[PDB]
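Shown here: protein.pdb, PDB, C-alpha atoms and all ligand atoms.
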```pdb
ATOM      1  CA  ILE B   5      15.611  -2.103  -2.519
ATOM      2  CA  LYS B   6      12.417  -1.654  -4.601
ATOM      3  CA  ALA B   7       8.913  -0.349  -4.025
ATOM      4  CA  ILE B   8       5.937   0.209  -6.293
ATOM      5  CA  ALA B   9       2.585   1.952  -6.335
ATOM      6  CA  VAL B  10      -0.429   1.574  -8.599
ATOM      7  CA  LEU B  11      -2.182   4.926  -8.984
ATOM      8  CA  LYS B  12      -5.930   5.293  -9.423
ATOM      9  CA  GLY B  13      -8.528   7.776  -8.209
ATOM     10  CA  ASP B  14     -11.804   9.541  -8.842
ATOM     11  CA  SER B  15     -10.668  10.538 -12.314
ATOM     12  CA  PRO B  16      -9.410   8.724 -15.401
ATOM     13  CA  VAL B  17      -5.753   9.165 -14.342
ATOM     14  CA  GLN B  18      -3.893   5.896 -13.791
ATOM     15  CA  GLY B  19      -0.324   4.690 -13.704
ATOM     16  CA  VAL B  20       2.384   2.645 -12.078
ATOM     17  CA  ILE B  21       5.341   4.204 -10.311
ATOM     18  CA  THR B  22       8.446   2.339  -9.188
ATOM     19  CA  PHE B  23      10.973   3.399  -6.564
ATOM     20  CA  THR B  24      14.466   1.962  -6.400
ATOM     21  CA  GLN B  25      17.310   2.569  -4.024
ATOM     22  CA  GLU B  26      20.768   1.115  -3.488
ATOM     23  CA  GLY B  30      21.655   6.999  -1.548
ATOM     24  CA  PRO B  31      19.020   8.596  -3.766
ATOM     25  CA  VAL B  32      15.736   6.982  -4.671
ATOM     26  CA  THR B  33      14.973   6.696  -8.384
ATOM     27  CA  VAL B  34      11.303   7.260  -9.152
ATOM     28  CA  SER B  35      10.087   6.058 -12.567
ATOM     29  CA  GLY B  36       7.002   5.077 -14.458
ATOM     30  CA  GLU B  37       4.163   6.376 -16.593
ATOM     31  CA  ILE B  38       0.994   8.129 -15.543
ATOM     32  CA  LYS B  39      -1.704   8.319 -18.228
ATOM     33  CA  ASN B  40      -4.976  10.101 -19.023
ATOM     34  CA  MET B  41      -3.773  13.393 -17.641
ATOM     35  CA  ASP B  42      -4.219  16.797 -19.256
ATOM     36  CA  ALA B  43      -1.900  17.312 -22.241
ATOM     37  CA  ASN B  44       1.213  19.471 -22.250
ATOM     38  CA  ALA B  45       0.836  20.275 -18.545
ATOM     39  CA  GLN B  46       2.705  20.435 -15.275
ATOM     40  CA  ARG B  47       1.172  18.570 -12.355
ATOM     41  CA  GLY B  48       2.065  18.305  -8.697
ATOM     42  CA  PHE B  49       3.526  14.978  -7.539
ATOM     43  CA  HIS B  50       3.952  14.298  -3.822
ATOM     44  CA  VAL B  51       4.308  11.595  -1.229
ATOM     45  CA  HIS B  52       1.513  11.991   1.313
ATOM     46  CA  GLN B  53       1.725  10.797   4.902
ATOM     47  CA  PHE B  54      -0.801   7.958   5.095
ATOM     48  CA  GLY B  55      -1.205   4.806   3.033
ATOM     49  CA  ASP B  56      -4.933   4.926   3.749
ATOM     50  CA  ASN B  57      -7.076   4.604   0.674
ATOM     51  CA  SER B  58     -10.306   3.916   2.535
ATOM     52  CA  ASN B  59     -11.686   7.356   1.554
ATOM     53  CA  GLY B  60      -9.932   7.334  -1.828
ATOM     54  CA  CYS B  61      -7.059   9.784  -2.114
ATOM     55  CA  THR B  62      -8.502  12.054   0.558
ATOM     56  CA  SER B  63      -7.472   9.760   3.394
ATOM     57  CA  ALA B  64      -3.819  10.003   2.365
ATOM     58  CA  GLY B  65      -3.577  13.051   4.613
ATOM     59  CA  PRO B  66      -1.043  15.876   4.278
ATOM     60  CA  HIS B  67       2.360  15.790   2.584
ATOM     61  CA  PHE B  68       4.836  13.436   4.172
ATOM     62  CA  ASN B  69       6.747  15.819   6.410
ATOM     63  CA  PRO B  70       8.901  14.055   9.028
ATOM     64  CA  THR B  71      11.150  17.132   9.370
ATOM     65  CA  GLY B  72       8.206  19.456  10.152
ATOM     66  CA  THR B  73       8.877  22.084   7.518
ATOM     67  CA  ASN B  74       6.916  23.895   4.787
ATOM     68  CA  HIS B  75       6.110  23.002   1.203
ATOM     69  CA  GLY B  76       8.509  23.703  -1.648
ATOM     70  CA  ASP B  77       9.772  22.549  -5.009
ATOM     71  CA  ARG B  78      11.742  19.311  -5.224
ATOM     72  CA  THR B  79      14.978  21.298  -5.706
ATOM     73  CA  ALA B  80      14.261  23.941  -3.051
ATOM     74  CA  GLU B  81      16.017  24.458   0.246
ATOM     75  CA  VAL B  82      12.723  24.406   2.171
ATOM     76  CA  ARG B  83      10.534  21.450   1.181
ATOM     77  CA  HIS B  84       8.676  18.520   2.652
ATOM     78  CA  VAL B  85      10.442  15.183   2.278
ATOM     79  CA  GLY B  86       7.428  14.166   0.165
ATOM     80  CA  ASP B  87       7.769  17.101  -2.298
ATOM     81  CA  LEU B  88       8.585  15.884  -5.796
ATOM     82  CA  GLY B  89       7.659  19.053  -7.664
ATOM     83  CA  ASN B  90       5.795  19.076 -10.937
ATOM     84  CA  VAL B  91       5.902  16.321 -13.521
ATOM     85  CA  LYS B  92       5.366  17.106 -17.195
ATOM     86  CA  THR B  93       2.809  15.544 -19.508
ATOM     87  CA  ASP B  94       3.193  15.115 -23.238
ATOM     88  CA  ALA B  95       0.624  15.903 -25.940
ATOM     89  CA  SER B  96      -1.050  12.563 -25.228
ATOM     90  CA  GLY B  97      -1.563  13.238 -21.515
ATOM     91  CA  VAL B  98       1.243  10.932 -20.398
ATOM     92  CA  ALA B  99       3.756  11.817 -17.692
ATOM     93  CA  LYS B 100       6.949   9.805 -18.087
ATOM     94  CA  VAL B 101       8.248  10.208 -14.585
ATOM     95  CA  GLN B 102      12.004  10.073 -14.041
ATOM     96  CA  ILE B 103      13.318  11.540 -10.788
ATOM     97  CA  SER B 104      16.374  10.971  -8.631
ATOM     98  CA  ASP B 105      15.719  12.271  -5.141
ATOM     99  CA  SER B 106      17.957  12.298  -2.085
ATOM    100  CA  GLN B 107      15.306  13.090   0.531
ATOM    101  CA  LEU B 108      13.067  10.105  -0.231
ATOM    102  CA  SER B 109      14.081   6.790   1.229
ATOM    103  CA  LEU B 110      12.800   3.235   1.211
ATOM    104  CA  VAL B 111      14.310   2.438   4.602
ATOM    105  CA  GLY B 112      14.691   4.004   8.033
ATOM    106  CA  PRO B 113      12.852   6.872   9.721
ATOM    107  CA  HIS B 114      12.159   8.681   6.443
ATOM    108  CA  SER B 115      10.867   5.589   4.682
ATOM    109  CA  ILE B 116       7.961   6.132   2.306
ATOM    110  CA  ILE B 117       6.972   2.435   2.404
ATOM    111  CA  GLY B 118       3.312   2.243   3.352
ATOM    112  CA  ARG B 119       2.646   5.899   2.476
ATOM    113  CA  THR B 120       0.895   7.239  -0.646
ATOM    114  CA  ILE B 121       2.146   8.718  -3.900
ATOM    115  CA  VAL B 122      -0.321  11.282  -5.325
ATOM    116  CA  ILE B 123      -0.612  12.961  -8.697
ATOM    117  CA  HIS B 124      -2.612  16.192  -8.715
ATOM    118  CA  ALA B 125      -5.005  17.904 -11.110
ATOM    119  CA  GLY B 126      -3.095  21.188 -11.061
ATOM    120  CA  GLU B 127       0.355  22.648 -11.088
ATOM    121  CA  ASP B 128       2.267  22.833  -7.798
ATOM    122  CA  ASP B 129       2.865  26.517  -7.002
ATOM    123  CA  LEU B 130       6.078  25.566  -5.182
ATOM    124  CA  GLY B 131       5.213  27.362  -1.938
ATOM    125  CA  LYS B 132       5.711  30.714  -3.743
ATOM    126  CA  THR B 133       2.304  32.318  -3.589
ATOM    127  CA  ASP B 134       0.087  33.994  -1.039
ATOM    128  CA  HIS B 135      -2.575  31.297  -1.453
ATOM    129  CA  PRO B 136      -3.275  29.795   1.991
ATOM    130  CA  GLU B 137      -2.502  26.275   0.618
ATOM    131  CA  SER B 138       0.813  27.358  -0.968
ATOM    132  CA  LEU B 139       2.991  26.485   2.066
ATOM    133  CA  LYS B 140       0.918  23.390   2.821
ATOM    134  CA  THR B 141       0.546  21.668  -0.471
ATOM    135  CA  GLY B 142       1.539  24.063  -3.296
ATOM    136  CA  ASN B 143      -2.191  24.527  -4.009
ATOM    137  CA  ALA B 144      -2.064  21.790  -6.654
ATOM    138  CA  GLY B 145      -5.822  21.078  -6.624
ATOM    139  CA  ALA B 146      -7.569  17.737  -6.569
ATOM    140  CA  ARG B 147      -5.816  14.435  -6.013
ATOM    141  CA  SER B 148      -6.460  12.841  -9.422
ATOM    142  CA  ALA B 149      -4.933   9.489  -8.508
ATOM    143  CA  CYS B 150      -2.912   7.881  -5.792
ATOM    144  CA  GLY B 151      -1.431   4.594  -4.724
ATOM    145  CA  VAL B 152      -0.088   3.025  -1.562
ATOM    146  CA  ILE B 153       3.670   2.467  -1.779
ATOM    147  CA  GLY B 154       4.420  -1.214  -1.303
ATOM    148  CA  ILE B 155       7.511  -3.363  -1.010
ATOM    149  CA  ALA B 156       8.409  -4.926  -4.347
ATOM    150  CA  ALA B 157      10.663  -7.824  -5.312
TER
ATOM    151  CA  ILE Z   5       0.076   2.397  15.771
ATOM    152  CA  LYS Z   6      -2.499   1.841  12.980
ATOM    153  CA  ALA Z   7      -2.487   0.469   9.453
ATOM    154  CA  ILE Z   8      -5.208  -0.195   6.909
ATOM    155  CA  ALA Z   9      -5.771  -2.011   3.644
ATOM    156  CA  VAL Z  10      -8.513  -1.742   1.045
ATOM    157  CA  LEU Z  11      -9.113  -5.138  -0.557
ATOM    158  CA  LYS Z  12     -10.162  -5.595  -4.170
ATOM    159  CA  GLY Z  13      -9.345  -8.112  -6.889
ATOM    160  CA  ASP Z  14     -10.477  -9.959  -9.980
ATOM    161  CA  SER Z  15     -13.688 -10.995  -8.261
ATOM    162  CA  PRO Z  16     -16.561  -9.211  -6.538
ATOM    163  CA  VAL Z  17     -14.897  -9.552  -3.102
ATOM    164  CA  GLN Z  18     -14.115  -6.234  -1.421
ATOM    165  CA  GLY Z  19     -13.460  -4.949   2.060
ATOM    166  CA  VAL Z  20     -11.450  -2.815   4.419
ATOM    167  CA  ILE Z  21      -9.181  -4.276   7.067
ATOM    168  CA  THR Z  22      -7.596  -2.323   9.906
ATOM    169  CA  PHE Z  23      -4.564  -3.279  11.978
ATOM    170  CA  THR Z  24      -3.851  -1.763  15.367
ATOM    171  CA  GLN Z  25      -1.021  -2.263  17.783
ATOM    172  CA  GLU Z  26       0.053  -0.724  21.076
ATOM    173  CA  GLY Z  30       2.242  -6.550  21.735
ATOM    174  CA  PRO Z  31      -0.349  -8.246  19.538
ATOM    175  CA  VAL Z  32      -1.825  -6.721  16.422
ATOM    176  CA  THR Z  33      -5.619  -6.521  16.286
ATOM    177  CA  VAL Z  34      -6.976  -7.179  12.808
ATOM    178  CA  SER Z  35     -10.572  -6.067  12.158
ATOM    179  CA  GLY Z  36     -12.972  -5.189   9.416
ATOM    180  CA  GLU Z  37     -15.522  -6.590   6.998
ATOM    181  CA  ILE Z  38     -14.978  -8.391   3.731
ATOM    182  CA  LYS Z  39     -18.070  -8.690   1.524
ATOM    183  CA  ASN Z  40     -19.361 -10.558  -1.535
ATOM    184  CA  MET Z  41     -17.726 -13.796  -0.519
ATOM    185  CA  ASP Z  42     -19.318 -17.239  -0.626
ATOM    186  CA  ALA Z  43     -21.862 -17.758   2.168
ATOM    187  CA  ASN Z  44     -21.303 -19.848   5.279
ATOM    188  CA  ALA Z  45     -17.697 -20.592   4.302
ATOM    189  CA  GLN Z  46     -14.158 -20.650   5.600
ATOM    190  CA  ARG Z  47     -11.577 -18.765   3.567
ATOM    191  CA  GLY Z  48      -7.827 -18.413   3.830
ATOM    192  CA  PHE Z  49      -6.515 -15.034   5.014
ATOM    193  CA  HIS Z  50      -2.795 -14.276   4.800
ATOM    194  CA  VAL Z  51      -0.238 -11.519   4.667
ATOM    195  CA  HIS Z  52       1.809 -11.929   1.494
ATOM    196  CA  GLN Z  53       5.356 -10.664   1.080
ATOM    197  CA  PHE Z  54       5.062  -7.878  -1.495
ATOM    198  CA  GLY Z  55       2.894  -4.774  -1.607
ATOM    199  CA  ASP Z  56       2.980  -4.962  -5.399
ATOM    200  CA  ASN Z  57      -0.416  -4.745  -7.003
ATOM    201  CA  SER Z  58       0.864  -4.093 -10.511
ATOM    202  CA  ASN Z  59      -0.258  -7.580 -11.644
ATOM    203  CA  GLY Z  60      -3.299  -7.582  -9.349
ATOM    204  CA  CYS Z  61      -3.047  -9.974  -6.424
ATOM    205  CA  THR Z  62      -0.605 -12.225  -8.251
ATOM    206  CA  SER Z  63       2.312  -9.857  -7.753
ATOM    207  CA  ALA Z  64       1.913 -10.039  -3.975
ATOM    208  CA  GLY Z  65       4.236 -13.039  -4.056
ATOM    209  CA  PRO Z  66       4.391 -15.814  -1.450
ATOM    210  CA  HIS Z  67       3.287 -15.684   2.186
ATOM    211  CA  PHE Z  68       5.214 -13.247   4.317
ATOM    212  CA  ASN Z  69       7.791 -15.547   5.871
ATOM    213  CA  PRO Z  70      10.693 -13.687   7.523
ATOM    214  CA  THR Z  71      11.472 -16.708   9.740
ATOM    215  CA  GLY Z  72      11.803 -19.080   6.750
ATOM    216  CA  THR Z  73       9.376 -21.741   7.901
ATOM    217  CA  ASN Z  74       6.397 -23.645   6.459
ATOM    218  CA  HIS Z  75       2.709 -22.837   6.247
ATOM    219  CA  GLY Z  76       0.314 -23.538   9.102
ATOM    220  CA  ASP Z  77      -2.813 -22.419  10.888
ATOM    221  CA  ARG Z  78      -2.767 -19.143  12.805
ATOM    222  CA  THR Z  79      -2.658 -21.067  16.113
ATOM    223  CA  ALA Z  80      -0.103 -23.675  15.011
ATOM    224  CA  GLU Z  81       3.451 -24.093  16.200
ATOM    225  CA  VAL Z  82       4.798 -24.077  12.630
ATOM    226  CA  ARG Z  83       3.392 -21.189  10.583
ATOM    227  CA  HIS Z  84       4.468 -18.273   8.451
ATOM    228  CA  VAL Z  85       4.321 -14.906  10.192
ATOM    229  CA  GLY Z  86       1.712 -13.995   7.557
ATOM    230  CA  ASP Z  87      -0.594 -16.966   8.359
ATOM    231  CA  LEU Z  88      -3.932 -15.797   9.726
ATOM    232  CA  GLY Z  89      -5.859 -19.020   9.185
ATOM    233  CA  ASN Z  90      -9.397 -19.144   7.895
ATOM    234  CA  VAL Z  91     -11.986 -16.435   8.382
ATOM    235  CA  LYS Z  92     -15.679 -17.300   8.483
ATOM    236  CA  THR Z  93     -18.420 -15.837   6.321
ATOM    237  CA  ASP Z  94     -22.042 -15.469   7.315
ATOM    238  CA  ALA Z  95     -25.117 -16.363   5.250
ATOM    239  CA  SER Z  96     -24.768 -13.047   3.419
ATOM    240  CA  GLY Z  97     -21.179 -13.664   2.304
ATOM    241  CA  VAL Z  98     -19.660 -11.278   4.840
ATOM    242  CA  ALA Z  99     -16.554 -12.057   6.881
ATOM    243  CA  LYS Z 100     -16.454  -9.983  10.058
ATOM    244  CA  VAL Z 101     -12.777 -10.293  10.759
ATOM    245  CA  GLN Z 102     -11.617 -10.066  14.369
ATOM    246  CA  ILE Z 103      -8.158 -11.443  15.146
ATOM    247  CA  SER Z 104      -5.534 -10.768  17.787
ATOM    248  CA  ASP Z 105      -2.176 -12.016  16.582
ATOM    249  CA  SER Z 106       1.211 -11.939  18.277
ATOM    250  CA  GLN Z 107       3.365 -12.740  15.241
ATOM    251  CA  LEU Z 108       2.175  -9.819  13.106
ATOM    252  CA  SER Z 109       3.710  -6.456  13.800
ATOM    253  CA  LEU Z 110       3.401  -2.931  12.474
ATOM    254  CA  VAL Z 111       6.978  -2.038  13.381
ATOM    255  CA  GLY Z 112      10.458  -3.532  13.212
ATOM    256  CA  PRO Z 113      11.877  -6.408  11.169
ATOM    257  CA  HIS Z 114       8.571  -8.292  11.068
ATOM    258  CA  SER Z 115       6.551  -5.262  10.032
ATOM    259  CA  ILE Z 116       3.736  -5.912   7.575
ATOM    260  CA  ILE Z 117       3.586  -2.237   6.515
ATOM    261  CA  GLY Z 118       3.906  -2.108   2.745
ATOM    262  CA  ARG Z 119       3.011  -5.792   2.303
ATOM    263  CA  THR Z 120      -0.329  -7.229   1.124
ATOM    264  CA  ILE Z 121      -3.295  -8.740   2.929
ATOM    265  CA  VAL Z 122      -5.056 -11.383   0.783
ATOM    266  CA  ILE Z 123      -8.392 -13.130   1.092
ATOM    267  CA  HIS Z 124      -8.672 -16.403  -0.817
ATOM    268  CA  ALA Z 125     -11.394 -18.212  -2.743
ATOM    269  CA  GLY Z 126     -10.956 -21.452  -0.809
ATOM    270  CA  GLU Z 127     -10.374 -22.836   2.624
ATOM    271  CA  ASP Z 128      -6.808 -22.919   3.962
ATOM    272  CA  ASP Z 129      -5.844 -26.573   4.486
ATOM    273  CA  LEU Z 130      -3.534 -25.519   7.331
ATOM    274  CA  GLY Z 131      -0.441 -27.273   5.969
ATOM    275  CA  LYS Z 132      -2.064 -30.645   6.824
ATOM    276  CA  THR Z 133      -2.445 -32.321   3.469
ATOM    277  CA  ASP Z 134      -0.265 -33.997   0.888
ATOM    278  CA  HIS Z 135      -1.176 -31.367  -1.716
ATOM    279  CA  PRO Z 136       2.068 -29.818  -3.010
ATOM    280  CA  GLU Z 137       0.767 -26.308  -2.083
ATOM    281  CA  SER Z 138      -0.219 -27.346   1.469
ATOM    282  CA  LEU Z 139       3.116 -26.371   3.093
ATOM    283  CA  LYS Z 140       3.446 -23.308   0.865
ATOM    284  CA  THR Z 141       0.101 -21.656   1.018
ATOM    285  CA  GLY Z 142      -2.466 -24.080   2.514
ATOM    286  CA  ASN Z 143      -3.780 -24.639  -1.035
ATOM    287  CA  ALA Z 144      -6.426 -21.949  -0.518
ATOM    288  CA  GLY Z 145      -7.039 -21.319  -4.240
ATOM    289  CA  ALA Z 146      -7.351 -18.017  -6.034
ATOM    290  CA  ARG Z 147      -6.582 -14.667  -4.460
ATOM    291  CA  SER Z 148     -10.084 -13.152  -4.554
ATOM    292  CA  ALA Z 149      -9.002  -9.751  -3.264
ATOM    293  CA  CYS Z 150      -6.023  -8.048  -1.755
ATOM    294  CA  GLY Z 151      -4.795  -4.711  -0.535
ATOM    295  CA  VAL Z 152      -1.488  -3.054   0.231
ATOM    296  CA  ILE Z 153      -1.087  -2.419   3.961
ATOM    297  CA  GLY Z 154      -0.573   1.286   4.553
ATOM    298  CA  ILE Z 155       0.184   3.507   7.511
ATOM    299  CA  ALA Z 156      -2.989   5.028   8.925
ATOM    300  CA  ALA Z 157      -3.628   7.956  11.255
TER
HETATM  301 CU    CU H 201      -0.389  16.513  -2.734
HETATM  302 CU    CU H 202      -2.399 -16.565   0.380
HETATM  303 ZN    ZN H 203       4.695  19.531   0.271
HETATM  304 ZN    ZN H 204       1.479 -19.415   4.944
END
```

Structure encoded using structure tokens:
Amino acid sequence: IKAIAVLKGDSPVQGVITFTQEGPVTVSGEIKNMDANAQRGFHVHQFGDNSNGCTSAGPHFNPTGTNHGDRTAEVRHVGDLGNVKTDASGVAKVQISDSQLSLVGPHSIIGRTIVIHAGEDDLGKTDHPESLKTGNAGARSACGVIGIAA
Amino acid sequence: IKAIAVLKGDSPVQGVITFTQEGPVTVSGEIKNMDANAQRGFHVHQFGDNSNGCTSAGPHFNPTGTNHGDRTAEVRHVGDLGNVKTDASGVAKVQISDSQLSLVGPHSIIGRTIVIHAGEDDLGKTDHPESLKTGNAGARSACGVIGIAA
């Protein structure tokens, strides 16, 4: 099973992310025009609504009704993919295998939005009021609706 | 249940289409910058893949494995929404109630693509080799991935 998203937003950041699944989902692709040598929050948001740009994507995809965390944490939203790393050229070469994402069933991310943020995800580990909501990762630099691919 | 798509392409045509369902799906919205006083083919295509613009959307969404027809015809693809009409200003005010579309289940269009074409859909009623495939409606002026909305 395959899905894909084309990310764009109110910023120069752009990329293409693929999702494949036989089991874990493999997330891959390149996101460009980001800050160099950085860590940036990467999350599946609930709605595939791009009518108000990335803002209409809503909160993190959270079908289990829990709080925000790192991708590897015990407590995390299904949509929490942690921070991705950019190189000196501002490119994030995304490569993630995640067992909470799915492309089928009740936890499917098809028709939702993948978002790359302007800041680092704080992993739900601060006293900031957005920490347990979103990781306080700042603006949504780019996003794309997750669609079924061939 | 609600879904939404933002349509853009390699043309000036742009719009926002909503889909609502309790039963039939109601399709509504405005598509702008089209030719004036025209009829233009409007279809759900199989893939929500915008990585090669509208071209990567693939063929008409066709889970029942049949041939192309008008929205009201006996023989039609599930994705066949016929022609929409534009006014003198090049605006299509889309308003359709369709019983073959769905936002849930095996025939769900979530994560697929809605496409507006540059030409009239021939309704599967000509000898053109694309008639039974697509209605020979010409270029894909704009398209959008269909996402879950609030
Ligand atoms: Cu986010
Ligand atoms: Cu078409
Ligand atoms: Zn989260
Ligand atoms: Zn068709």

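The set of residues that the PyMOL selection byres (((chain B and resi 51-65) around 6) and not hetatm) takes from this file is residues 50, 66, 67, 68, 86, 118, 119, 120, 121, 150 and 152 of chain B; 154, 155 and 156 of chain Z.
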
Determine the residue set returned by the PyMOL selection byres (((chain B and resi 15) around 10) and not hetatm) for the present structure, and present it as a PyMOL selection string.
chain B and resi 12-14+16-18+40-41+125+146-149

Limited to C-alpha atoms, could you put the picked residues into a file as a PDB file, in the coordinates of the input?
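Saved to out.pdb:
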```pdb
ATOM      1  CA  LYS B  12      -5.930   5.293  -9.423  1.00  0.00           C
ATOM      2  CA  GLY B  13      -8.528   7.776  -8.209  1.00  0.00           C
ATOM      3  CA  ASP B  14     -11.804   9.541  -8.842  1.00  0.00           C
ATOM      4  CA  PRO B  16      -9.410   8.724 -15.401  1.00  0.00           C
ATOM      5  CA  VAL B  17      -5.753   9.165 -14.342  1.00  0.00           C
ATOM      6  CA  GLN B  18      -3.893   5.896 -13.791  1.00  0.00           C
ATOM      7  CA  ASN B  40      -4.976  10.101 -19.023  1.00  0.00           C
ATOM      8  CA  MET B  41      -3.773  13.393 -17.641  1.00  0.00           C
ATOM      9  CA  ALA B 125      -5.005  17.904 -11.110  1.00  0.00           C
ATOM     10  CA  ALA B 146      -7.569  17.737  -6.569  1.00  0.00           C
ATOM     11  CA  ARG B 147      -5.816  14.435  -6.013  1.00  0.00           C
ATOM     12  CA  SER B 148      -6.460  12.841  -9.422  1.00  0.00           C
ATOM     13  CA  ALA B 149      -4.933   9.489  -8.508  1.00  0.00           C
TER      14      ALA B 149
END
```

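Our summary of the geometry notes that CA of residue 31 in chain B is positioned 22.1 Å from CA of residue 11 in chain B.
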
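Shortest atom-to-atom contact with chain B among Z:139, Z:123, Z:43, Z:110: Z:110, counting all atoms listed in the file.
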
Go through the chains and note each residue within 6 Å of ligand ZN 204 (chain H), using all atoms listed in the file, then give the set as a list in words.
residues 67, 75, 76, 84, 87, 140 and 141 of chain Z

Pick out the closest residue to ligand CU 201 (chain H) from this set: B:49, B:105, B:93, B:129. Count all atoms listed in the file.
B:49

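In this comparison, which uses all atoms listed in the file, the residue of B:115, B:102, B:46, B:143 approaching chain Z most closely is B:115.
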
Hey, what comes out of the PyMOL selection byres (((chain B and resi 131) around 12) and not hetatm) on this file? Could you write it as a PyMOL selection string?
chain B and resi 48+73-78+80-84+87+89+127-130+132-144

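Distance annotation: of B:103, B:122, B:117, B:91, the residue with the minimal separation from ligand CU 201 (chain H) is B:122; atom set is only C-alpha atoms and all ligand atoms.
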
Length of the CA of residue 8 in chain B to CA of residue 101 in chain Z vector [Å]
27.4 Å

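Take CA of residue 45 in chain Z and CA of residue 95 in chain Z: the distance between them is 8.6 Å.
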
Let me make sure I understand: among Z:90, Z:25, Z:71, Z:44, which one has the smallest atom-to-atom distance to ligand CU 202 (chain H) if we use all atoms listed in the file?
Z:90

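The smallest atom-to-atom distance between ligand ZN 203 (chain H) and any of B:88, B:157, B:10, B:21, using all atoms listed in the file, is found for B:88.
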
Saving range 81-93 of chain B with N, CA and C atoms, as a tab-separated table (two decimals), in the first residue's frame, what would that file be?
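For reference, out32.tsv as written:
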```
chain	number	residue	atom	x	y	z
B	81	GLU	N	6.67	6.69	25.02
B	81	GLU	CA	5.53	5.92	25.45
B	81	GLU	C	4.22	6.67	25.23
B	82	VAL	N	4.19	7.94	25.59
B	82	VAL	CA	3.01	8.79	25.43
B	82	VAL	C	3.25	9.68	24.22
B	83	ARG	N	2.47	9.46	23.16
B	83	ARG	CA	2.57	10.28	21.95
B	83	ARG	C	1.27	10.18	21.19
B	84	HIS	N	0.97	11.19	20.40
B	84	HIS	CA	-0.08	11.11	19.41
B	84	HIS	C	0.30	10.12	18.32
B	85	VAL	N	-0.66	9.44	17.72
B	85	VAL	CA	-0.36	8.63	16.55
B	85	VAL	C	0.36	9.47	15.48
B	86	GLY	N	0.01	10.75	15.33
B	86	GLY	CA	0.65	11.56	14.31
B	86	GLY	C	2.04	12.08	14.63
B	87	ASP	N	2.61	11.73	15.79
B	87	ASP	CA	3.89	12.32	16.23
B	87	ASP	C	5.09	11.61	15.63
B	88	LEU	N	5.76	12.28	14.70
B	88	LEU	CA	6.95	11.72	14.07
B	88	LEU	C	8.24	12.38	14.48
B	89	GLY	N	8.22	13.13	15.58
B	89	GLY	CA	9.44	13.67	16.16
B	89	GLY	C	10.03	14.81	15.34
B	90	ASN	N	11.33	14.97	15.49
B	90	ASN	CA	12.08	15.92	14.70
B	90	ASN	C	12.78	15.24	13.55
B	91	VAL	N	12.79	15.90	12.39
B	91	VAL	CA	13.68	15.49	11.30
B	91	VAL	C	14.85	16.46	11.25
B	92	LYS	N	15.95	15.98	10.70
B	92	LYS	CA	17.21	16.72	10.66
B	92	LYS	C	17.48	17.27	9.29
B	93	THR	N	17.93	18.53	9.21
B	93	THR	CA	18.33	19.10	7.94
B	93	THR	C	19.84	19.14	7.85
```
